[PDB]
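Remarks on the structure that follows.
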Amino acid sequence: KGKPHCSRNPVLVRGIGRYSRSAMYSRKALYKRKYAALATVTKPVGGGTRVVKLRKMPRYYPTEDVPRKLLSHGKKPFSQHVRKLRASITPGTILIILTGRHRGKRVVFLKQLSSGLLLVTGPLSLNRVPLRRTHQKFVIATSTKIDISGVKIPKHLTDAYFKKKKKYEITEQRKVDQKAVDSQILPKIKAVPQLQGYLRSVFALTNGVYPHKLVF
Amino acid sequence: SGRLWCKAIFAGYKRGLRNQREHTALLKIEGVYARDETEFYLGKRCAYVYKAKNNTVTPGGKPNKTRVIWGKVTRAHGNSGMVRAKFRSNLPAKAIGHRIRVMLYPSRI
Amino acid sequence: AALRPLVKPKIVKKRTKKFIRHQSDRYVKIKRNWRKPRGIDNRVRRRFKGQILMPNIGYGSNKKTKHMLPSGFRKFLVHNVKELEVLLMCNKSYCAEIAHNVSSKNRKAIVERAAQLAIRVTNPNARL
Amino acid sequence: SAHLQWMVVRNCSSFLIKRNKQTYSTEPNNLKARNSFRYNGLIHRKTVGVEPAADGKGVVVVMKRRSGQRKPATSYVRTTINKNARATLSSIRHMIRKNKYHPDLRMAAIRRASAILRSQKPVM
Amino acid sequence: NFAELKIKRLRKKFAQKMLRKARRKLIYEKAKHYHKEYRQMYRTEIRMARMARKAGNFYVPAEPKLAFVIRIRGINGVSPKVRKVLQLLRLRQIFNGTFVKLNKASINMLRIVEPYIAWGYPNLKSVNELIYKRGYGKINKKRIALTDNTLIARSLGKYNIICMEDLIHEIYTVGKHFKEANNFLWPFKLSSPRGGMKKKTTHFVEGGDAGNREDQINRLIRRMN
Amino acid sequence: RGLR
RNA sequence: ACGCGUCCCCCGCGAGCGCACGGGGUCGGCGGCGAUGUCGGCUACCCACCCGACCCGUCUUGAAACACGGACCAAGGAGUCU
RNA sequence: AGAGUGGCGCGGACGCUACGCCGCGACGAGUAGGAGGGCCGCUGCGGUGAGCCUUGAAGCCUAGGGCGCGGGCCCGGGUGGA
């Protein structure tokens with residue numbers, strides 16, 4: 001025994017290492033670390049005691065059946081996938097929700113969960129939008145970034161706690177999660193020159209006013 | 001309190017003078033007039049919206065007239081503003097010179 | 001309670017319609033059934049751009065989906081209760097069809113048997 | 001041999017049924033019921049069969065005696081097995097394996113003596 | 001029985017592996033030695049021309065060994081001498097190509113088909129992309145792919161062309177088993193040109209495409225493969 | 001033998 | 001290029017865990033809408049619009065031809081024995 | 001994957017109508033005319049199906065449901081009456 005060390009070549013590009021395999025002979029201390037060369041159970045019963053077996057054979061076979069698959073190369077499930085982002089999205093920037101019962105609304109970003117969804121948080125007060133998830137792809141990012149360095153963002157509000165149950169009702173658990181996550185946010189939006197007439201109002205298209213041209 | 005899609009007009013099938021292809025359309029997106037301009041629109045969802053005699057059920061509403069064909073913008077076409085498309089349901093030619101909506105959602109901003 | 005098959009893939013096909021015979025669309029004396037045009041003059045023999053088309057073998061059904069009905073089985077036609085027993089070990093791919101001209105009373109005795117034996121019958125309720 | 005008379009039967013017997021691109025066989029002791037050279041039920045010198053018992057209850061099994069292959073009223077030999085579904089199948093696997101009596105059929109006679117009981121059991 | 005035989009069955013497996021690790025290092029040391037050639041031959045053609053231009057001389061560079069050829073006219077209506085000469089180069093369909101070594105018997109074949117082809121003198125990049133991406137074989141009267149180094153070592157072998165590295169040397173330098181290692185290859189499978197043709201009917205020199213190009217065949221390859 |  | 005026992009010019013079975021651009025795809029990922037008015041149904045009946053499409057047999061170097069037989073439907077109707 | 005003389009647990013998918021299955025490549029216009037294969041049709045004779053039918057045979061009709069590239073064939077309904 002002798003605890004497990006970290007890898008001794010820094011990663012240069014995916015697949016490729018850094019230090020070549022005679023010079024890397026050095027670093028795994030190769031030269032100086034040479035070497036050379038369940039079934040059944042027996043319980044008591046009321047002279048005799050039985051021999052029981054764990055996993056006995058089945059009592060119905062089926063008449064026809066499928067055969068085993070060829071193993072795929074490198075196919076992990078969702079849980080183990082790798083999560084990304086975009087450049088414009090950073091913590092505290094301004095997001096435009098574009099799809100649900102809230103659509104066109106100006107909504108603030110807080111923290112990307114480990115399911116990969118966002119946390120698009122309206123300050124329930126102003127818009128009418130609470131703690132919620134939305135999905136990278138259906139959310140435009142915007143150039144405005146009031147900072148969210150110094151406040152507090154809770155842990156227990158993790159991605160399963162949101163996941164659905166079954167007149168769903170707002171219990172007394174999601175009311176100190178509601179006003180305490182947002183009253184740390186609320187002293188930094190009103191302090192900017194005239195920003196709480198804009199998160200409340202809705203954006204939309206008119207004419208002369210084309211998606212492909214303008215910056216937002 | 002307003003619109004959330006961009007207006008455009010189905011303007012024939014993909015084709016050359018004497019044989020027409022029906023699995024690709026040809027949209028004229030509004031106010032977009034070169035190639036340069038048409039990166040935005042690529043991949044982005046699109047809709048032909050219409051209205052039969054009987055009731056179709058919906059998601060998020062009551063069972064009423066209104067239905068859709070759904071699709072997809074694929075690549076640019078020509079020199080001048082135009083764009084190709086690929087709906088799941090092959091379009092009517094009634095709709096030639098009538099409205100279709102390109103959306104904003106699968107955005108890359 | 002319907003019977004699942006063993007396995008149910010994606011049926012995909014190449015045409016849909018029949019192949020109709022040339023000029024069945026003018027002379028009622030000409031039957032739908034297909035015939036190879038053996039003309040001189042002819043258009044359909046020579047494949048001009050417009051007309052009818054011709055059967056080829058590039059209109060193949062694929063071996064993993066040929067004789068497979070929608071439910072997913074393939075037919076095997078029957079007359080009495082002894083010819084049923086045949087299928088029993090191969091339930092999950094094949095499905096009995098009690099024959100047309102088989103009677104009303106002998107038809108009742110069958111559908112009982114293809115219950116005890118899990119075999120799927122395409123024309124159960126019938127003569128009544 | 002067996003190998004001879006197949007060449008004779010293969011495509012001709014009064015036990016042959018064709019149609020709808022399929023092909024079957026209604027011979028006493030064919031268990032899989034298909035015209036084949038494993039599975040025919042008369043040809044050979046040794047035979048296994050699994051028939052649904054007398055009344056409702058049970059299953060009946062059929063060996064072919066090695067001796068008198070020319071004496072048919074004393075050629076096959078019979079026994080009934082009317083016990084629990086996992087335990088009944090102790091017998092049948094202890095007939096094919098430990099006699100060395102024709103070791104191809106093993107996994108046919110386990111799927112035929114388990115869809116003769118899944119019958120006589122009462123229906124859905 | 002066995003306890004002996006199983007240990008002797010754990011001595012033959014480590015032998016067939018050791019047949020690979022003595023061969024696995026040789027694929028590296030064959031490739032690192034051809035890299036020495038492709039700076040020692042590359043800079044020895046810039047060596048002579050400076051040191052001539054120095055003393056008011058001239059230096060004519062080495063006239064070619066090797067040339068790629070591509071068939072650009074179709075398959076309909078064709079004169080009976082040309083069908084025979086295009087056959088012999090294995091160009092049997094449009095947009096197909098081949099390696100061809102040069103001499104007098106090899107050029108005067110290429111003046112009889114000189115309005116059905118385009119040819120030129122290829123480079124270290126237009127030899128390898130073709131042999132890497134496209135290049136198939138001809139083993140057991142079949143066009144079976146090369147995703148291995150026991151197909152080229154296994155058919156030819158006796159000529160000493162084992163890995164993917166020696167098919168670059170023996171062709172890009174026309175060496176002393178070239179014939180077999182070029183009738184080894186099935187002819188190439190280029191799709192059409194992405195950009196296009198200038199004018200297919202006519203000779204390069206007039207405007208279009210046909211006939212030889214000495215140093216701009218490199219433009220109809222990275223467009224076509 | 002040479003590496004042990 | 002990296003134990004050692006001898007041949008030299010030239011001065012033959014170590015121990016295990018682990019990640020992957022590696023011999024053709026899988027989520028140990030999600031959401032709506034459900035009983036007399038809606039779900040599905042390529043196939044077969046009617047309509048509508050865009051592209052294409054001259055009438056068949058035939059002799060003939062050449063037939064949509066200002067070349068000939070054909071108003072419609074049934075039932076018969078032509079390489080055969082010795 | 002050679003053979004010798006001396007120094008606890010009775011267990012492990014499918015197959016192979018060999019006239020069948022499976023395995024890796026290149027190609028696929030056709031009139032006069034050749035050739036193979038047809039679980040494509042129509043009527044009679046020997047064998048066979050412990051075939052089927054007055055609890056409804058053949059024939060017809062059918063905006064009913066299924067099958068094969070194709071020739072053609074399987075099932076729902078109504079008539080009909082051996």
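Within each chain, counting starts at residue 1; across the structure tokens, chains are named A, B, ... in the order shown, with ligands numbered 1 upward in that order.
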Next item on the list: Starting from chain D, keep only residues with some atom at most 7 Å from an atom of chain C, counting only C-alpha atoms, and report them as a list in words.
Entry: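 Every residue meeting the condition is included here: residues 20, 32, 33, 119 and 123 of chain D.
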Got a sec to tell me which of chain B DSSP assigns to strand (DSSP E), as a compact mmCIF listing (two decimals) with N, CA and C atoms, in the first residue's frame?
# COMPACT_ATOMS: atom_id res chain seq x y z
N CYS B 6 -41.00 35.24 -37.10
CA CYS B 6 -40.61 36.05 -38.26
C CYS B 6 -41.37 35.59 -39.49
N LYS B 7 -41.86 36.56 -40.26
CA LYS B 7 -42.77 36.28 -41.37
C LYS B 7 -42.02 35.86 -42.63
N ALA B 8 -42.58 34.93 -43.38
CA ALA B 8 -41.96 34.47 -44.61
C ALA B 8 -42.99 33.91 -45.59
N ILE B 9 -42.60 33.59 -46.84
CA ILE B 9 -43.60 33.16 -47.86
C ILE B 9 -43.16 32.03 -48.77
N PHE B 10 -43.72 30.85 -48.55
CA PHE B 10 -43.55 29.73 -49.46
C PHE B 10 -43.73 30.11 -50.92
N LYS B 14 -38.32 23.14 -54.65
CA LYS B 14 -37.01 23.02 -55.24
C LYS B 14 -37.19 22.34 -56.56
N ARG B 15 -36.54 22.87 -57.60
CA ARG B 15 -36.77 22.40 -58.98
C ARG B 15 -35.87 23.05 -59.95
N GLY B 16 -35.73 22.41 -61.11
CA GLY B 16 -35.14 23.01 -62.30
C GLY B 16 -36.19 22.96 -63.37
N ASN B 19 -38.67 19.38 -64.16
CA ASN B 19 -38.95 18.26 -63.25
C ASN B 19 -38.93 18.84 -61.84
N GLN B 20 -39.99 18.68 -61.05
CA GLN B 20 -39.97 19.33 -59.74
C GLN B 20 -39.75 18.36 -58.59
N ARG B 21 -39.02 18.82 -57.57
CA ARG B 21 -38.77 18.04 -56.37
C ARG B 21 -39.61 18.53 -55.24
N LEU B 27 -38.29 29.24 -49.26
CA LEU B 27 -38.91 30.33 -48.54
C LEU B 27 -38.27 31.61 -48.85
N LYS B 28 -39.03 32.70 -48.81
CA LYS B 28 -38.46 34.05 -48.92
C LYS B 28 -38.60 34.75 -47.60
N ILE B 29 -37.60 34.57 -46.73
CA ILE B 29 -37.60 35.22 -45.40
C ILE B 29 -37.58 36.77 -45.55
N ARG B 45 -36.71 26.32 -36.08
CA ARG B 45 -37.99 25.68 -36.34
C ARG B 45 -38.92 26.52 -37.23
N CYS B 46 -39.76 25.88 -38.05
CA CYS B 46 -40.77 26.57 -38.89
C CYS B 46 -42.13 25.82 -39.06
N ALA B 47 -43.16 26.61 -39.39
CA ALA B 47 -44.56 26.21 -39.24
C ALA B 47 -45.43 26.73 -40.35
N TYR B 48 -46.25 25.87 -40.95
CA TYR B 48 -47.37 26.32 -41.81
C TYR B 48 -48.64 26.10 -41.02
N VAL B 49 -49.43 27.16 -40.86
CA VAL B 49 -50.56 27.21 -39.92
C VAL B 49 -51.86 27.39 -40.69
N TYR B 50 -52.82 26.52 -40.39
CA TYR B 50 -54.04 26.41 -41.20
C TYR B 50 -55.22 25.87 -40.41
N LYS B 51 -56.28 25.44 -41.09
CA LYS B 51 -57.62 25.52 -40.54
C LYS B 51 -58.62 24.67 -41.30
N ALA B 52 -58.75 23.41 -40.89
CA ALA B 52 -59.69 22.47 -41.54
C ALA B 52 -61.13 22.61 -41.01
N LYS B 53 -62.07 21.87 -41.61
CA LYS B 53 -63.48 21.99 -41.24
C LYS B 53 -63.77 21.47 -39.87
N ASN B 54 -63.15 20.35 -39.49
CA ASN B 54 -63.43 19.68 -38.19
C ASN B 54 -62.46 20.06 -37.04
N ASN B 55 -62.68 19.46 -35.88
CA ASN B 55 -61.94 19.79 -34.68
C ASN B 55 -60.75 18.88 -34.53
N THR B 56 -59.56 19.46 -34.44
CA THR B 56 -58.38 18.74 -33.96
C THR B 56 -58.12 19.13 -32.49
N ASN B 64 -60.40 22.28 -31.38
CA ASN B 64 -60.84 23.38 -32.31
C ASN B 64 -60.37 23.13 -33.79
N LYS B 65 -60.62 24.08 -34.70
CA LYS B 65 -60.21 24.01 -36.14
C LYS B 65 -58.71 23.81 -36.42
N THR B 66 -57.87 24.59 -35.72
CA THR B 66 -56.48 24.92 -36.16
C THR B 66 -55.40 23.81 -36.04
N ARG B 67 -54.65 23.61 -37.14
CA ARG B 67 -53.59 22.57 -37.26
C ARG B 67 -52.31 23.13 -37.86
N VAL B 68 -51.27 22.31 -37.85
CA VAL B 68 -50.01 22.70 -38.44
C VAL B 68 -49.30 21.59 -39.16
N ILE B 69 -48.37 22.01 -40.00
CA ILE B 69 -47.32 21.16 -40.52
C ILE B 69 -46.08 21.78 -39.95
N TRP B 70 -45.14 20.93 -39.57
CA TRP B 70 -43.95 21.32 -38.87
C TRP B 70 -42.75 21.07 -39.74
N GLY B 71 -41.69 21.84 -39.52
CA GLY B 71 -40.46 21.64 -40.29
C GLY B 71 -39.21 22.31 -39.78
N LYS B 72 -38.34 22.71 -40.71
CA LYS B 72 -36.92 22.89 -40.43
C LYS B 72 -36.25 23.65 -41.56
N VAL B 73 -35.53 24.72 -41.26
CA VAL B 73 -34.69 25.42 -42.26
C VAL B 73 -33.34 24.68 -42.31
N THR B 74 -32.81 24.42 -43.52
CA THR B 74 -31.56 23.63 -43.72
C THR B 74 -30.33 24.42 -44.21
N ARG B 75 -30.41 25.07 -45.38
CA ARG B 75 -29.27 25.82 -45.93
C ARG B 75 -29.69 26.95 -46.76
N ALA B 76 -28.74 27.80 -47.09
CA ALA B 76 -29.01 28.94 -47.96
C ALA B 76 -29.30 28.48 -49.37
N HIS B 77 -29.66 29.40 -50.27
CA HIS B 77 -29.98 29.05 -51.67
C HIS B 77 -29.80 30.29 -52.51
N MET B 82 -32.60 33.90 -50.14
CA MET B 82 -33.56 32.87 -50.16
C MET B 82 -33.04 31.82 -49.25
N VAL B 83 -33.84 30.79 -49.02
CA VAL B 83 -33.55 29.70 -48.04
C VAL B 83 -34.30 28.36 -48.34
N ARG B 84 -33.69 27.20 -48.07
CA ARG B 84 -34.38 25.90 -48.26
C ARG B 84 -35.04 25.38 -47.01
N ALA B 85 -35.88 24.35 -47.14
CA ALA B 85 -36.64 23.84 -46.00
C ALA B 85 -37.02 22.41 -46.12
N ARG B 99 -48.59 32.50 -46.00
CA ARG B 99 -47.67 32.78 -44.89
C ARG B 99 -47.13 31.59 -44.21
N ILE B 100 -45.87 31.65 -43.82
CA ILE B 100 -45.31 30.70 -42.87
C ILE B 100 -44.42 31.37 -41.83
N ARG B 101 -44.37 30.75 -40.67
CA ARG B 101 -43.71 31.33 -39.54
C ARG B 101 -42.40 30.63 -39.35
N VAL B 102 -41.29 31.36 -39.38
CA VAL B 102 -40.10 30.80 -38.75
C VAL B 102 -40.04 31.35 -37.35
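For residue 80 of chain A, the list of residues within 12 Å, based on only C-alpha atoms (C1' of nucleotides) and with local chain neighbours fewer than 3 positions off taken out, reads residues 74, 75, 76, 77, 83, 114, 115 and 116 of chain A; 27, 28 and 29 of chain G.
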Keeping only N, CA, C and O atoms (P, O5', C5', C4', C3', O3' and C1' of nucleotides), write those residues as a PDB file, in the first residue's frame.
ATOM      1  N   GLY A  74     -18.827   3.168 -27.094  1.00  0.00           N
ATOM      2  CA  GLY A  74     -18.647   4.193 -26.037  1.00  0.00           C
ATOM      3  C   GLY A  74     -19.929   4.970 -25.782  1.00  0.00           C
ATOM      4  O   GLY A  74     -19.986   6.198 -25.979  1.00  0.00           O
ATOM      5  N   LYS A  75     -20.945   4.214 -25.348  1.00  0.00           N
ATOM      6  CA  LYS A  75     -22.316   4.683 -25.125  1.00  0.00           C
ATOM      7  C   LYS A  75     -22.712   4.613 -23.656  1.00  0.00           C
ATOM      8  O   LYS A  75     -23.248   3.589 -23.210  1.00  0.00           O
ATOM      9  N   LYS A  76     -22.439   5.701 -22.922  1.00  0.00           N
ATOM     10  CA  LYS A  76     -22.848   5.885 -21.504  1.00  0.00           C
ATOM     11  C   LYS A  76     -24.288   6.460 -21.438  1.00  0.00           C
ATOM     12  O   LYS A  76     -24.757   7.035 -22.427  1.00  0.00           O
ATOM     13  N   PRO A  77     -24.987   6.333 -20.276  1.00  0.00           N
ATOM     14  CA  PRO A  77     -26.330   6.901 -20.172  1.00  0.00           C
ATOM     15  C   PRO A  77     -26.247   8.386 -19.845  1.00  0.00           C
ATOM     16  O   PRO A  77     -25.157   8.950 -19.711  1.00  0.00           O
ATOM     17  N   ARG A  83     -21.543  18.027 -19.631  1.00  0.00           N
ATOM     18  CA  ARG A  83     -22.413  19.223 -19.723  1.00  0.00           C
ATOM     19  C   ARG A  83     -21.620  20.469 -20.225  1.00  0.00           C
ATOM     20  O   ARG A  83     -20.441  20.634 -19.885  1.00  0.00           O
ATOM     21  N   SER A 114     -26.740  19.975 -12.384  1.00  0.00           N
ATOM     22  CA  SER A 114     -25.981  18.842 -12.961  1.00  0.00           C
ATOM     23  C   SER A 114     -26.828  17.903 -13.843  1.00  0.00           C
ATOM     24  O   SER A 114     -26.319  16.890 -14.316  1.00  0.00           O
ATOM     25  N   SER A 115     -28.106  18.222 -14.038  1.00  0.00           N
ATOM     26  CA  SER A 115     -28.879  17.703 -15.188  1.00  0.00           C
ATOM     27  C   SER A 115     -28.657  18.498 -16.502  1.00  0.00           C
ATOM     28  O   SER A 115     -29.094  18.087 -17.582  1.00  0.00           O
ATOM     29  N   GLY A 116     -28.010  19.658 -16.363  1.00  0.00           N
ATOM     30  CA  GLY A 116     -27.644  20.533 -17.464  1.00  0.00           C
ATOM     31  C   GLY A 116     -28.637  21.648 -17.726  1.00  0.00           C
ATOM     32  O   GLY A 116     -28.379  22.510 -18.574  1.00  0.00           O
TER      33      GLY A 116
ATOM     34  P     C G  27     -30.852   2.110 -24.199  1.00  0.00           P
ATOM     35  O5'   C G  27     -30.306   3.292 -23.275  1.00  0.00           O
ATOM     36  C5'   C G  27     -31.202   3.937 -22.331  1.00  0.00           C
ATOM     37  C4'   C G  27     -30.530   5.035 -21.499  1.00  0.00           C
ATOM     38  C3'   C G  27     -31.474   6.086 -20.904  1.00  0.00           C
ATOM     39  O3'   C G  27     -32.106   5.851 -19.616  1.00  0.00           O
ATOM     40  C1'   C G  27     -29.865   7.180 -22.239  1.00  0.00           C
ATOM     41  P     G G  28     -32.680   4.390 -19.115  1.00  0.00           P
ATOM     42  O5'   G G  28     -31.339   3.661 -18.656  1.00  0.00           O
ATOM     43  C5'   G G  28     -31.310   2.838 -17.485  1.00  0.00           C
ATOM     44  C4'   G G  28     -30.662   3.506 -16.295  1.00  0.00           C
ATOM     45  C3'   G G  28     -29.953   4.845 -16.471  1.00  0.00           C
ATOM     46  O3'   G G  28     -30.790   6.013 -16.471  1.00  0.00           O
ATOM     47  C1'   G G  28     -28.760   3.369 -14.990  1.00  0.00           C
ATOM     48  P     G G  29     -30.161   7.513 -16.221  1.00  0.00           P
ATOM     49  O5'   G G  29     -30.799   8.390 -17.383  1.00  0.00           O
ATOM     50  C5'   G G  29     -32.217   8.585 -17.455  1.00  0.00           C
ATOM     51  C4'   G G  29     -32.546   9.985 -17.910  1.00  0.00           C
ATOM     52  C3'   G G  29     -33.993  10.404 -17.730  1.00  0.00           C
ATOM     53  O3'   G G  29     -34.291  10.718 -16.382  1.00  0.00           O
ATOM     54  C1'   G G  29     -33.200  11.127 -19.836  1.00  0.00           C
TER      55        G G  29
END
Next item on the list: Write out as JSON, numbers by chain each polymer residue whose atoms come within 9 Å of residue 12 of chain G, counting only C-alpha atoms (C1' of nucleotides); drop sequence neighbours fewer than 5 positions from it.
Entry: {"E": [11, 12, 14, 15], "F": [1]}
Who sits within 12 Å of segment 19-24 of chain H, only C-alpha atoms (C1' of nucleotides), same chain under 5 positions skipped, as an mmCIF file with N, CA and C atoms, in the first residue's frame:
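The result, stored in out-v3.cif:
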data_model
loop_
_atom_site.group_PDB
_atom_site.id
_atom_site.type_symbol
_atom_site.label_atom_id
_atom_site.label_comp_id
_atom_site.auth_asym_id
_atom_site.auth_seq_id
_atom_site.Cartn_x
_atom_site.Cartn_y
_atom_site.Cartn_z
ATOM 1 N N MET D 7 -34.264 -39.175 -47.824
ATOM 2 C CA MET D 7 -34.188 -38.864 -49.250
ATOM 3 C C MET D 7 -35.493 -39.273 -49.943
ATOM 4 N N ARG D 10 -38.691 -36.791 -47.604
ATOM 5 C CA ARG D 10 -38.431 -35.329 -47.600
ATOM 6 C C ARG D 10 -39.480 -34.440 -48.145
ATOM 7 N N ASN D 11 -39.932 -34.775 -49.353
ATOM 8 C CA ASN D 11 -40.917 -34.010 -50.083
ATOM 9 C C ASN D 11 -41.904 -34.965 -50.762
ATOM 10 N N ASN D 35 -40.785 -30.459 -40.835
ATOM 11 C CA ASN D 35 -40.149 -31.437 -41.720
ATOM 12 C C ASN D 35 -38.691 -31.064 -41.788
ATOM 13 N N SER D 36 -37.881 -31.982 -41.254
ATOM 14 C CA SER D 36 -36.477 -31.760 -40.894
ATOM 15 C C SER D 36 -35.793 -33.112 -40.721
ATOM 16 N N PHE D 37 -34.487 -33.085 -40.563
ATOM 17 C CA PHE D 37 -33.760 -34.286 -40.315
ATOM 18 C C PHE D 37 -33.324 -34.472 -38.825
ATOM 19 N N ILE E 139 -7.475 -8.137 -52.885
ATOM 20 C CA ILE E 139 -7.161 -9.428 -52.227
ATOM 21 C C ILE E 139 -8.315 -10.435 -52.415
ATOM 22 N N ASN E 140 -8.007 -11.617 -52.965
ATOM 23 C CA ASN E 140 -8.991 -12.698 -53.246
ATOM 24 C C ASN E 140 -10.039 -12.305 -54.320
ATOM 25 N N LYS E 141 -9.598 -11.558 -55.341
ATOM 26 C CA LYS E 141 -10.470 -11.040 -56.420
ATOM 27 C C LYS E 141 -11.642 -10.205 -55.861
ATOM 28 N N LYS E 142 -11.319 -9.330 -54.905
ATOM 29 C CA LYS E 142 -12.293 -8.483 -54.189
ATOM 30 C C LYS E 142 -11.645 -7.139 -53.834
ATOM 31 N N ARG E 143 -12.439 -6.071 -53.803
ATOM 32 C CA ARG E 143 -11.972 -4.747 -53.364
ATOM 33 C C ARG E 143 -12.282 -4.575 -51.867
ATOM 34 N N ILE E 144 -11.467 -5.215 -51.023
ATOM 35 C CA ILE E 144 -11.628 -5.190 -49.554
ATOM 36 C C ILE E 144 -10.708 -4.110 -48.952
ATOM 37 N N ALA E 145 -11.209 -3.408 -47.931
ATOM 38 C CA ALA E 145 -10.572 -2.184 -47.400
ATOM 39 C C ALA E 145 -9.289 -2.421 -46.601
#
Checklist line | Contacts of segment 59-67 of chain G within 9 Å, only C-alpha atoms (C1' of nucleotides), excl. fewer than 3 positions in-chain, as a count of residues only | finding: 3
